[PDB]
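See below for the structure under consideration.
In what follows, every chain begins at residue 1, and chains take the letters A, B, ... in the order their sequences are listed.
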Amino acid sequence: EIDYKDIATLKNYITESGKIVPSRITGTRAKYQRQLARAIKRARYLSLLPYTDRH
Amino acid sequence: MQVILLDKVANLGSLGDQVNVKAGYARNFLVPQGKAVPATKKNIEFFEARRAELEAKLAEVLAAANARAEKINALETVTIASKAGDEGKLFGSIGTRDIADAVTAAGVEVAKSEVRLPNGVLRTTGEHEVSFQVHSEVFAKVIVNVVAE
Amino acid sequence: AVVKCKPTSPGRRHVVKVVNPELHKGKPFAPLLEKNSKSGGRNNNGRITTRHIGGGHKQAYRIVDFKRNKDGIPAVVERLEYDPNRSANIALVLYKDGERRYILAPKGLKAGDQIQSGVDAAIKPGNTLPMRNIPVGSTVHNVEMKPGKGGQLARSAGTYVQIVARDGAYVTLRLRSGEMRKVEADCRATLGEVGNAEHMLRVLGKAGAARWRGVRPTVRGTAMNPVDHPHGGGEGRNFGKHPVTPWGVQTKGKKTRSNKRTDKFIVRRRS
Amino acid sequence: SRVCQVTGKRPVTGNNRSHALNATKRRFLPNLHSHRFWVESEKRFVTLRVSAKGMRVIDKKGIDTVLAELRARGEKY
Amino acid sequence: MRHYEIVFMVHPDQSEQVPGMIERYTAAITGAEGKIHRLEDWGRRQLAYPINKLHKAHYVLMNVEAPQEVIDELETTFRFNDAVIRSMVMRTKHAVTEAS
RNA sequence: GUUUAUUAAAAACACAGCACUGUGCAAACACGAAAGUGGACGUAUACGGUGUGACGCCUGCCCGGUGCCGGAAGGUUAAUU
Ligand SMILES: [Mg+2]
Ligand SMILES: [Mg+2]
Ligand SMILES: [Mg+2]
Ligand SMILES: [Mg+2]
Ligand SMILES: [Mg+2]
Ligand SMILES: [Mg+2]
Ligand SMILES: [Mg+2]
């Protein structure tokens, strides 16, 4: 359902260092986190998001 | 060895000056060219005989070279075609030979060895600036338009 | 495929064959052959300038197109056939204009496959392009060293060359030996590796097999007399000497390259 | 035929003496080099096998003068 | 006959020529009886991290419905095309037309 | 299989296999004052040299000495000046 091109929402689920926030913090459901993890990893490949704050 | 210059030289001297140069420089470059000849009493007196003529002869050729230089600049743009692939990247190349022929085609006779391409050999489609060195002290410019269907 | 011979007799126990059913079973292309009389290691003075050469099966040379200057004309692989002059196989290709030539068979080429040579040819195995057009990192064989001279690198059965990098007018190549060398980008190269990669797995199995391909026995230096070889004699098995060639030059470590002309193209040696 | 075409220098024989004065026969070869000389009088290059000393003779005497001597001697160039 | 979503990155120096790429690619999909459902030219944008010493690239988003063979050679075009970098293709169970 | 033709046929030589090492092509190497020729109309799955000697299980410790390879700061050091 959730799409990786929507970077604005993904910014809320990544820390300042680019880490993917844990589910227990955000409180998202398990199914959506798996989609979320794929989306963030996929944006990183396209450089829509940074892998880490150091480059 | 000691030689006297028959033509202007950048870092060596002007016409008529007797200068000392390496044997290799004179034997391999100056003497084979018309720039200088060995400086001996036989040549010095003989050189003095046409001292005025050589200076006058050299003066007009620079003007003559300049005269043919401006008309080269008149053809500000020249159109050529080559094997151009996708992205405009030319599969082949357009060297001094192709450019030399193009300028003469419906233009002015141009030597194939005095064209200057500092950037490269124009391996990509587009517009490039090619400099021309027609005489030692004068330069010329022209734009080469390269495109293909 | 590689098949072992059953030990029905000594000399066949260890024989391992490399059988390729795809190779043409008939005679080669007649108008593209020529005489290949053997030499036996003798030079124009009649002296043996290279030992352990002589005899073997008669062979006829067949002209292989190492240059591939037929630009823009596609060709179809008619068949693959045996070539006694080299480890690799040669593919007979028919240009649709009506010309026939031999080329080194790439790794995957088969009868009926299309090939093309030229600057605008597609990036596909068997095609020949200048290395300035081939993508960096591509695996190529039959690599040229001077433009228009013909391929001279990676001609063996399973050899290939990798284009590690390109800059200026030169392309850096990693040769099969591990050496990295510079070559002009205008030189031509053939995409893909040479076929018959299973050539190294064959085992001759017997002395006669070596003789069939013109290799004569090699006599150990230590088995000679002092007058014949530096390793010389000595009653019993005595060596007591640093290994050397028959002419006294040390072996097992001593370098021999002395070409000051071509070091500018050698970015790094094999090791 | 390591013979200079201008000066006629040819290899000569001699000995090399060691610290113990052992004499072994040797040769002294001329410093020959194939060089192209432009004949101003003929608008062309002429190739000659000349020694380094012969090269200096060309400068002092001129290429035109020496070729006359080579022609007179019968040397082909 | 499967849907696909294709995002390919073009070199900034070839930004002006990007529209040339789209027409050629769409022709290949259409020429093989395929169709394009979405097509966006996002233009120049800032890269999150450098890519081959490059900080800004031209972005193109294209969603198509083409057979396997059409996409196969399309990938090969990206591979050997130096102008385009870091291209990916998707599989989707339905066509998409929203801007997103 | 080969060998001391004419006192030695063997455990000797060769051998397939194995390992080290050299060689990027005008290859190393070898015959040649040189040209040139072989290696090879071959191109590192190739070629030369060396040792070992099918195959099976294996091949341990030592780099001080000699050799080879790599290094270059320092010491010593030729012609030349
Ligand atoms: Mg041998
Ligand atoms: Mg052996
Ligand atoms: Mg003995
Ligand atoms: Mg003993
Ligand atoms: Mg017997
Ligand atoms: Mg006997
Ligand atoms: Mg033994």
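- Backbone-only contact: C:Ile266 has heavy atoms under 4.0 Å from sugar-phosphate atoms and none from a base.
- Contacts of C:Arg155 with the nucleic acid, taken as non-hydrogen atoms under 4.0 Å apart, include base atoms.
- Side-chain atoms of C:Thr251 and base atoms of F:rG22 include no donor and acceptor less than 3.5 Å apart.
- F:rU4: glycosidic angle within 90° of 0, hence syn.
- Taking the side chain of C:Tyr61 as heavy atoms from C-beta on, and the options F:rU52, F:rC41, F:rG49, the nearest nucleotide is F:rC41.
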Extract all donor-acceptor atom pairs below 3.5 Å that involve side chains of residues 49-63 of chain D and protein atoms in other chains or at least two apart in sequence.
from, atom 1, to, atom 2, distance (Å)
D:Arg49, NH1, D:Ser1, O, 3.2
D:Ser51, OG, D:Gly54, N, 3.3
D:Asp59, OD1, B:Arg27, NH1, 3.3
D:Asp59, OD2, B:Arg27, NH1, 2.7
D:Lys61, NZ, D:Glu69, OE2, 3.4

* Heavy-atom protein contacts under 4.0 Å, nucleotides 28-35 of chain F, coded B base, S sugar-phosphate only, - none -> SSBBSBS-

* Using Watson-Crick and G-U wobble pairs with both distances under 3.5 Å, what is the 5'-to-3' dot-bracket string of RNA chain F, with [ ] for crossing pairs and | for pairs outside the strand? -> ((.........))...((((((......(((....)))........)))))).............................

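- Nucleic acid contact class of C:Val194 (heavy atoms, under 4.0 Å, all strands): none.
- As judged by a 4.0 angstrom heavy-atom cut-off over every strand, C:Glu34 is placed among the base-contacting residues.
- Contacts of C:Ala210 with the nucleic acid, taken as non-hydrogen atoms under 4.0 Å apart, involve only primed sugar atoms and P, OP1 or OP2.
- Among the protein residues, C:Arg86 comes within range of the sugar-phosphate backbone only, with heavy atoms under 4.0 Å from sugar or phosphate atoms but none that close to a base.
- Classification of the F:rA40/F:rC41 step: not stacked, the six-membered rings not being both closer than 5.5 Å at their centres and less than 30° apart in plane orientation.
- Within 4.0 Å (heavy atoms only), C:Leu204 reaches sugar-phosphate atoms of the nucleic acid but no base atom.
- In this structure, C:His141 reaches neither bases nor backbone, as no heavy-atom distance under 4.0 Å exists between it and the strands shown.
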Below 3.5 Å, can you tabulate the donor-acceptor pairs from side chains in residues 20-36 of chain D to any protein atom, sequence neighbours excluded?
from, atom 1, to, atom 2, distance (Å)
D:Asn22, OD1, D:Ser18, OG, 3.0
D:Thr24, OG1, D:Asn16, OD1, 2.1
D:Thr24, OG1, D:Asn16, ND2, 3.2
D:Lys25, NZ, D:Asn15, OD1, 2.9
D:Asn31, OD1, D:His33, NE2, 2.8
D:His35, NE2, B:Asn28, OD1, 3.3

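- Residue contacts for C:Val64: at a heavy-atom cut-off of 4.0 Å it reaches no nucleic acid atom on any strand shown.
- When heavy atoms are screened at a 4.0 angstrom cut-off, C:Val15 is found touching no nucleic acid atom at all.
- Two residues, C:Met200 and C:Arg13, neighbour RNA chain F, and the one matched to the more 5' nucleotide by heavy-atom proximity is C:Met200.
- Comparing C:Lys255 and C:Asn85, the nucleotide of RNA chain F nearest to each residue sits closer to the 5' end for C:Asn85.
- Taking all atoms of both residues into account, the shortest heavy-atom contact from C:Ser37 to C:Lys35 is CB-NZ, 3.5 Å.
- As a whole-Å value, the separation of C:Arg216 CZ from F:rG39 P is 15 Å.
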* Nucleotide-resolved protein contact map, nucleotides 76-81 of chain F, B/S/- at heavy-atom distance under 4.0 Å -> ------

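- With distances taken from any side-chain atom of C:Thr159 to the nucleotides F:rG39, F:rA44, F:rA14, the minimum falls on F:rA44.
- If you check residues 87-94 of chain C against RNA chain F, the residues with a heavy atom closer than 4.0 Å are C:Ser87, listed by number.
- Side-chain atoms of C:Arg68 and C:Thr128 include a donor-acceptor pair closer than 3.5 Å.
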Between side-chain atoms of residues 262-271 of chain C and protein atoms elsewhere (two or more places apart, or another chain), which donor-acceptor pairs fall under 3.5 Å?
from, atom 1, to, atom 2, distance (Å)
C:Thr262, OG1, C:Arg257, NH2, 2.7
C:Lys264, NZ, C:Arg261, O, 2.9
C:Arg269, NH1, C:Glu179, OE1, 2.9

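- If you measure from atom NZ of C:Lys149 to atom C1' of F:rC41, you get 13 Å, rounded to the nearest angstrom.
- Phosphate contact (OP1/OP2 of F:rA46, side-chain N/O of C:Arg213, threshold under 4.0 Å): absent.
- Between C:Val143 and C:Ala189, the closest heavy-atom pair is CG1-CB, 4.2 Å.
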Under 3.5 Å, which donor-acceptor pairs link side chains of residues 3-14 of chain C to any protein atom two or more places apart or in another chain?
none

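- The minimum heavy-atom distance linking C:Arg62 with C:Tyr82 is given by the pair NH1-O, 3.4 Å.
- Between C:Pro84 and C:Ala60 the shortest heavy-atom distance is CG-O, 4.5 Å.
- Listed by chain and number, the residues in a ring pair (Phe, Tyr, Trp, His ring centres under 6.0 Å) with C:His231 are C:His229, C:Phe239 (sequence neighbours excluded).
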* Structure fact -> Given protein heavy atoms under 4.0 Å, the one-letter contact record of nucleotides 55-67 of chain F, with B base, S sugar-phosphate only and - none, is simply S----------BS

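- Under the 5.5 Å centre and 30° plane thresholds, the six-membered base rings of F:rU52 and F:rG53 are judged to be stacked.
- At a threshold of 4.0 angstrom between heavy atoms, the contacts of C:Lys35 with the nucleic acid are absent.
- Pairs engaging residues 92-118 of chain C under the salt bridge (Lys or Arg N to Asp or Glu O under 4.0 Å) rule: C:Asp65-C:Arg101, C:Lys70-C:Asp97, C:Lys70-C:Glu99, C:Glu78-C:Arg100, C:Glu99-C:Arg101, C:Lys110-C:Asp113 [sequence neighbours left out].
- Backbone-only contact: C:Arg51 has heavy atoms under 4.0 Å from sugar-phosphate atoms and none from a base.
- Using a 4.0 Å heavy-atom criterion, one finds that C:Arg42 contacts the sugar-phosphate atoms exclusively.
- The ring pair (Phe, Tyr, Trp, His ring centres under 6.0 Å) test applied to C:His199 returns no partner, not counting sequence neighbours.
- C:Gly205 comes within 4.0 angstrom of sugar-phosphate atoms only, judged by non-hydrogen atoms across all strands, and of no base.
- Between the CE atom in C:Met131 and the OG atom in C:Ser138 there is a gap of 12.0 Å [rounded to 0.5 Å].
- Distance, C:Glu179 CD to F:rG22 P: 13 Å, rounded to whole Å.
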